[PDB]
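Protein chains in written order, with the deposited numbering: chain C, 123 to 243; chain G, 57 to 111; chain B, 75 to 1026; chain A, 56 to 165; chain E, 26 to 189.
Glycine residues also receive a C-beta, built at the ideal position from the N, C-alpha and C atoms.
Take a look at the structure below.
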Amino acid sequence: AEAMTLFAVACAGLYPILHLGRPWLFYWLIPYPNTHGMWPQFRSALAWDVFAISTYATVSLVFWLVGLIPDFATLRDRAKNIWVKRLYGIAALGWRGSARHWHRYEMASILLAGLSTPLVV
Amino acid sequence: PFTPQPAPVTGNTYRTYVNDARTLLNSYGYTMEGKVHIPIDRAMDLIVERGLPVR
Amino acid sequence: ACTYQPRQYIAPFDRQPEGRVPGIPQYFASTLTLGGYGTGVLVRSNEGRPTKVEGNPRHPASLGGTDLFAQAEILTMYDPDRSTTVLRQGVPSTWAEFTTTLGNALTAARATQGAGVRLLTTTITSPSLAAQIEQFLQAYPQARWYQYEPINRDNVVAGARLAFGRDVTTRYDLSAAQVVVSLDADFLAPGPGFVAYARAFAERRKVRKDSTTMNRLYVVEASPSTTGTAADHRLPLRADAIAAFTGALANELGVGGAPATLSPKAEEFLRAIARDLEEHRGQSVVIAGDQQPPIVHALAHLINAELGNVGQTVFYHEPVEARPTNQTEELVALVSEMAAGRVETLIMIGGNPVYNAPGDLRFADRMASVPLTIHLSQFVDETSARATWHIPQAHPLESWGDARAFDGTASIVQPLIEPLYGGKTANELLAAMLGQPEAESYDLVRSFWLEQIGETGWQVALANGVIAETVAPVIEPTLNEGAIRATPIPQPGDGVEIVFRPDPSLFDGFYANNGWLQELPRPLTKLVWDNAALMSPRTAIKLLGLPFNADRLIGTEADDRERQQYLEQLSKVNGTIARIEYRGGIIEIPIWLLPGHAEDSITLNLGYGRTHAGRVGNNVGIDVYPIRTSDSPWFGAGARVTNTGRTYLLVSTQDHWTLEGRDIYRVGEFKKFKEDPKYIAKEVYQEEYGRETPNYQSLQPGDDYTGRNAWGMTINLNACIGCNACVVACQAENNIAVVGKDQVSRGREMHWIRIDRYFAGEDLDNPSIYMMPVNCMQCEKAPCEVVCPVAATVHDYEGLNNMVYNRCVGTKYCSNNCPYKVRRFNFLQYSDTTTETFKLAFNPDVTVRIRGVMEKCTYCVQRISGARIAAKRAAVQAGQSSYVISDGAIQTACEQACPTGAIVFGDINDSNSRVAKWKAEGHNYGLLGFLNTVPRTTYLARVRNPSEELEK
Amino acid sequence: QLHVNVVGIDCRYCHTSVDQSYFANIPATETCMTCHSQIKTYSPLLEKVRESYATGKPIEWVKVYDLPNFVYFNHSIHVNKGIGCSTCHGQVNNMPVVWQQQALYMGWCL
Amino acid sequence: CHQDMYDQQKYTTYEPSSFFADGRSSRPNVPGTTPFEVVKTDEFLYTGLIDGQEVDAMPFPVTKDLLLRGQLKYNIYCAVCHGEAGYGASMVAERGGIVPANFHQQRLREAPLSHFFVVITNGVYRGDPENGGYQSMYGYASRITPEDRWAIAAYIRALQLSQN
Ligand code: HEC
Ligand code: HEC
Ligand code: HEC
Ligand code: HEC
Ligand code: SF4
Ligand code: SF4
Ligand code: SF4
Ligand code: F3S
């Protein structure tokens, strides 16, 4: 399901650029230091929309990767081949599934879910 | 690209001509072939006083 | 790839112009002719190039106002399809070769007396050209002039000869006319003296609090027009029955005429016309249209004389048309001489005879009989392609010359640039035929106008826009009762009739290459890029066999919305092709539904179907000139409609012809308006809320605008006639692009101002027409600004709505939140880039928009910025630090173009300004007030002055 | 540098339209020939100037101060309100070759 | 990296054009064409000749502001190359051998005012049809307004008085 969210957000993230008519200027909706001194309005809903999709995509990606870390460890433990290893190994960050690590993992996952619920809403 | 620094101008300039002429245009004086000088911004008051032929 | 911008070279002069300050536009006084009659124009040259045309306040017939053709002459001059070289037989040739051939051909004519030599010009009013033609006729006695143009005034001069026994010019002073009656007279349309008549009429209709009188307009027309819109009472009579209507009107007033069997509605209309007349003697005028037969003109002169209007509202002058004549009869005589083979040389000066001549004359076939054909067309027109020795003609904006307006004024046509592709004028050719080749157009008009008004008079004439010495003298002709009484007075019949009318935007078809006019939505029809057969819904139902009752459109107020829904369902039959058989011709033109049309009458618009026009309009519309006949050029007898199925796509800019019971257009009566000017606003609000005042409350503070300038605009509905002059002025001033017919079909027209007609009332087959101009309302709390994420649309210190093109990313959200939908988007690349002449027509003070940005009305900000800068500079140069702007200092393009003066722009805070006084009226209101937008562009409710005999 | 600091020509002798319009006039070849018809005549450095004025061809100078055409600058209002060329174009009187003193950003105007 | 409306299809003041022959979008003046409400009736306002000869008079009376404007236009256009105080001593005459005229000589002291006007307008003398010839004063018709030309002539008279 979360994989479907990341892919659906990736597909939905093209229409705000494609429908623009001047697509290459999409970064003008982002508060960036410019030679002009112009800001986004922030009173329109498209400025909220830019901040919302960016936060939604980044938080869903880091939450998905946090959930994938133990599975990365189980894959690099069963990868058999040496070069299939070291690929999931750096993805698992050398998980070494142990106590004093599962505690912080469960609490961070609880906080992440409690934060992502009002995010998607 | 630092700001360029042009070479200083050579000695000969127009400044000495303009300073001498504007100093001549004031402080009265006596010319070579004539009688007396009149400072500028004062002969103009004489012109508007005596006037010029019109029409 | 680098350096942000290229090199961008700059090329200055080698010798500076004496009186030009670089970067400062200048204005020159010239003259633009429509149907041979001149109109003084003030044209702007930026750096030696014409860019904008406006009215000449010093010239009669253009008191600060212009028509759509005078505005579009800018783009007509910059057409990339204008002729550039002399063509002997389609072959590029030279001017010296043509001069030698003309001199050799005229030497052969010198052996005769010019019997083979024939001319063919249009309606000539230029004194210089008329004097040179007369001199050429004295040199060649057997030569003939023969002037003709498709939109002429043959019926007017024929009626003047029938009534007075001589040629006279009839002028109408509507400023002292309390009752005006039009007998198929579209005097509020571009024609002779259109701007002056429309201005006087509007200033008589502009009602205020202190106002006490208001004029009334009666019109009787076959096809509705702009004049019928401003009419308090409109009668949709057939085109043939108008002569009998005039006879019955003359008979009822006690004057010699003939009674006619008419409908009860026409009888009640005759009753009211006769009753309002005779009670306003010397305060009335009866106007006969040029389309109506000569007897109608003569009866109108008789009615006006008996009523005492002559000398008060109707004035008679000496003829101002040089030679007044029946042009169609002279064209028949010329084609008869060509068919007999008597002519040996035929010189034509414009007019496009091959395309404009009636179909029964066969001008193209007889044109082969004359060996030498010569034409000046300013384009490679159809006639020039089938002729030898085509000579490019200089545009009126690049040539020396003169012209005469209605009532006679003799203004000078001053050039603004040397001819781009070369090209000679008419008097230069006439001098060439007078044994004077390589003659300069400057010296010709200067030699004629000298020794008559003097050198100081020529200098004063060039300075202003008029010549003070030339004016048609006032004469008093005598009326012949026996001749106008003993006249057949034809009766209607023979079945379905065809009414030939000039196209509102294309005229005789000359402007078919102009993109601005071809794209301009036609009034009352809203069609673009096409031509259609206009007919009433009942006529289409009965003739094409369409499955509709046409009686369901009749009803009361209780079922108005249901009738509007049925009219929407009935509008789905637009586009059905009809095979109209008139007199041996089949036209096969698509149909269109025009509710106000008279039954059993079909209106066909001229000026379409050209084959040798420019890239724009090269194959648009269906040509109606072949079915046009010499015996009757404006009316028809019997026709066969023959519906064929086989639909054709017709394109409209509105697609909805009825306001769905909303507070868009406000109408009242003058009798109730006098007692209380606020009564219209007190209504509606009672039916919507139960109280007389809508206590609208807002949650936003807005801005103050107390001690600062506040720009506002007011549109008077009592003066708008739908002439569409403000749209072409906005296009010419603001570099608005021109999209194709395909892009308009998808609803992507780019126009900052639009006029909407709403066909409302009972019957919906005889509906009152309501024209309303709409642009950016400039809402103080603009909802289009709180939605654009890049802040490209913000508000100004002066209350203006700033739309910045270089910031728009193109979210298209700024348009969805606009309640009035006055924002246009560049969905594709619409602005021209390759054509050099179109690049020369752009106004340098306005950026040309690229693909992906939004546009809307900016109150012509370039003129506001120029006046503000000039005011600040004048304040600091005097040491005042005041910065104060005059009232009339700023004038938007739509304000200057409007000949009626319906648009007023100025400062809101300055109480003595004209806008502040107009906005204080009781009938001043703003559209869609329930949305707390606080618009700065307001409307003045329409007030009517109907007769008690017709209303009760 | 030669024409302002040495010869001593005023700026309005050449850019005559600066205090009246939005555009500072670029000198026509007539202003150059007013002096170089007798000064340094028959010299290679003035060949282009002498080729013009005889033929209607202009001199294609390169714009140093460039604007993206949607900016609309006005020299007249700035000069009449007490703003000098030193604060904008720098010390042009001492430039043998003219350079852009600083980039024409929007924040610079602001 | 953008270049959208940076360079536009419209033709600015001096933007070069490939549609015209001489490569210029700006156009020269039409010979006999005058602007709106600008009448060329008065001859003294536009030429120093009343009958083909000079007059030693001025079309409008002299004003202090008029003399100040003449001094300004003289210092801008006339002072360089021809003398700041009117003696003909300038940096221009040093390089080129211009030898400009001296206003304080007796020939130009008895010269009429309209002679000064026609000299500013046209020049000193064009090339003779025979034995060569060249223009020296070269004229200043396009750069100076006729009223400013009369103000310059009035300031020349004031300079001639200030040196007497
Ligand atoms: C019109 C914009 C021009 C152009 C294109 C040039 N000038 Fe001048 N100039 C003047 C004087 C007194 C000199 C120096 C004389 C000397 O060195 O003997 C110059 C010099 C030049 C040069 C260099 C010539 C060289 O080095 O040999 C060039 C390329 C040049 N100029 C171009 C005087 C004036 C003057 C006031 C009388 C005006 C106005 C101009 N010049 C204008 C122009
Ligand atoms: C008084 C010190 C000034 C100032 C402030 C400027 N000018 Fe000149 N100008 C002249 C010519 C022939 C050119 C084009 C050639 C070139 O740019 O090298 C210019 C150009 C400029 C610019 C830059 C133009 C641009 O497009 O960026 C500027 C900023 C400028 N000028 C200001 C001619 C003369 C001249 C003799 C005819 C005199 C004297 C001056 N200029 C003086 C000044
Ligand atoms: C250098 C380009 C000059 C400028 C700047 C001005 N003038 Fe001049 N002028 C110049 C020369 C080389 C001469 C002498 C010509 C000759 O053949 O000897 C002149 C002449 C005059 C005269 C005398 C006219 C006569 O017929 O004798 C006058 C009155 C005069 N010039 C006035 C004048 C004014 C008003 C100027 C500013 C517009 C000005 N001069 C500038 C060269 C140059
Ligand atoms: C910052 C205010 C400002 C001042 C004051 C100003 N300039 Fe400009 N100048 C500019 C800008 C900005 C441009 C670029 C114009 C453009 O790109 O269209 C420019 C361009 C020019 C040009 C090129 C031609 C043109 O019209 O663009 C000239 C010449 C010039 N300046 C000279 C002058 C002179 C002479 C003065 C008189 C003191 C002056 N400047 C004062 C800012 C200024
Ligand atoms: S507002 Fe526009 S359409 Fe209406 S009368 Fe004026 S110019 Fe014509
Ligand atoms: S009329 Fe439309 S575009 Fe104009 S200010 Fe109002 S909402 Fe914005
Ligand atoms: S005010 Fe200017 S921009 Fe607005 S509609 Fe009128 S002409 Fe067009
Ligand atoms: S939403 Fe804004 S980005 Fe443009 S399309 Fe409207 S001004």
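Boundaries of the alpha helix (DSSP H) in which residue i is found, first to last residue
{"i": "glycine 940(B)", "result": "935-951"}
{"i": "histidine 371(B)", "result": "368-381"}
{"i": "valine 172(C)", "result": "167-200"}
{"i": "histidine 686(B)", "result": "From DSSP, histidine 686(B) is part of no alpha helix (DSSP H); its letter is neither H nor E."}
{"i": "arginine 782(B)", "result": "Element bounds for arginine 782(B): n/a, residue is neither H nor E."}
{"i": "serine 139(E)", "result": "138-146"}
Straight-line Cα distance separating residue j from residue i
{"i": "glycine 619(B)", "j": "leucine 608(B)", "result": "16 Å"}
{"i": "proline 611(B)", "j": "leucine 668(B)", "result": "7 Å"}
{"i": "residue 1039(B)", "j": "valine 848(B)", "result": "Nothing in the structure corresponds to residue 1039(B), since chain B is present only between 75 and 1026."}
{"i": "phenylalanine 210(B)", "j": "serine 200(B)", "result": "15 Å"}
{"i": "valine 59(A)", "j": "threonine 77(B)", "result": "30 Å"}
{"i": "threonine 66(E)", "j": "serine 104(B)", "result": "19 Å"}
{"i": "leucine 518(B)", "j": "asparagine 501(B)", "result": "7 Å"}
{"i": "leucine 184(E)", "j": "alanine 952(B)", "result": "28 Å"}
{"i": "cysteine 931(B)", "j": "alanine 104(E)", "result": "51 Å"}
{"i": "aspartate 121(A)", "j": "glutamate 40(E)", "result": "12 Å"}
{"i": "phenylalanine 194(C)", "j": "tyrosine 210(C)", "result": "5 Å"}
{"i": "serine 297(B)", "j": "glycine 239(B)", "result": "32 Å"}
{"i": "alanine 586(B)", "j": "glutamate 1022(B)", "result": "45 Å"}
{"i": "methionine 824(B)", "j": "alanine 811(B)", "result": "7 Å"}
Terminal residues of the beta strand (DSSP E) in which residue i lies
{"i": "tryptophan 826(B)", "result": "Careful: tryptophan 826(B) lies outside any beta strand (DSSP E) and carries neither H nor E."}
{"i": "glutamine 100(B)", "result": "100-107"}
{"i": "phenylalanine 574(B)", "result": "571-576"}
{"i": "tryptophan 666(B)", "result": "663-667"}
{"i": "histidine 391(B)", "result": "388-391"}
Sheet register partners of residue i (DSSP bridge)
{"i": "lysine 126(B)", "result": "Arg118(B)"}
{"i": "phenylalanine 480(B)", "result": "For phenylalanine 480(B), which the question treats as bridged, DSSP gives no partner whatsoever."}
{"i": "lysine 498(B)", "result": "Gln467(B)"}
{"i": "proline 310(B)", "result": "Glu295(B)"}
{"i": "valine 360(B)", "result": "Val255(B)"}
{"i": "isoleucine 789(B)", "result": "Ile977(B), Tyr1013(B)"}
{"i": "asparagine 679(B)", "result": "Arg575(B)"}
(message) Give me the pocket residues for ligand 4, defined as CB within less than 5 Å of any heavy atom, sorted by chain position.
(response) Every residue with a CB closer than 5 Å to a heavy atom of ligand 4 is listed here in chain order: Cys66(A), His70(A), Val73(A), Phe78(A), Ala79(A), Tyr120(A), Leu122(A), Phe128(A), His133(A), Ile138(A), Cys140(A), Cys143(A).
(request) Write down every uninterrupted run of the alpha helix (DSSP H) in the segment 226-255 of chain B whose length is 4 residues or greater and which is fully enclosed by it, in chain order. (result) 228-238
(request) Ignoring anything shorter than 3 residues or poking outside the segment 691-775 of chain B, list the beta strand (DSSP E) runs there in chain order. (result) Correct list: 741-743.
(message) Restricting to runs no shorter than 3 residues, where is the beta strand (DSSP E) found entirely within the segment 824-889 of chain B?
(response) 828-830, 846-848, 867-869, 875-877
(request) Can you list the residues near ligand 5, meaning Cβ strictly closer than 6 Å to any non-hydrogen atom, in the order they appear in the chain? (result) Answer in sequence order: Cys794(B), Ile795(B), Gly796(B), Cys797(B), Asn798(B), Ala799(B), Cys800(B), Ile829(B), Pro847(B), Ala971(B), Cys972(B), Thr974(B), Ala976(B), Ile977(B).
(message) Please give me, in chain order, every unbroken run of the alpha helix (DSSP H) with length at least 4 that falls completely inside the segment 397-431 of chain B.
(response) 401-413, 427-430
(request) Kindly provide the ranges of any alpha helix (DSSP H) runs that are 4 or more residues long and lie completely inside the segment 116-164 of chain A, ordered along the chain. (result) 130-135, 161-164
(request) Pick out the complete alpha helix (DSSP H) segments inside the segment 559-629 of chain B, 4 residues or longer, and give them in chain order. (result) 589-593, 611-618
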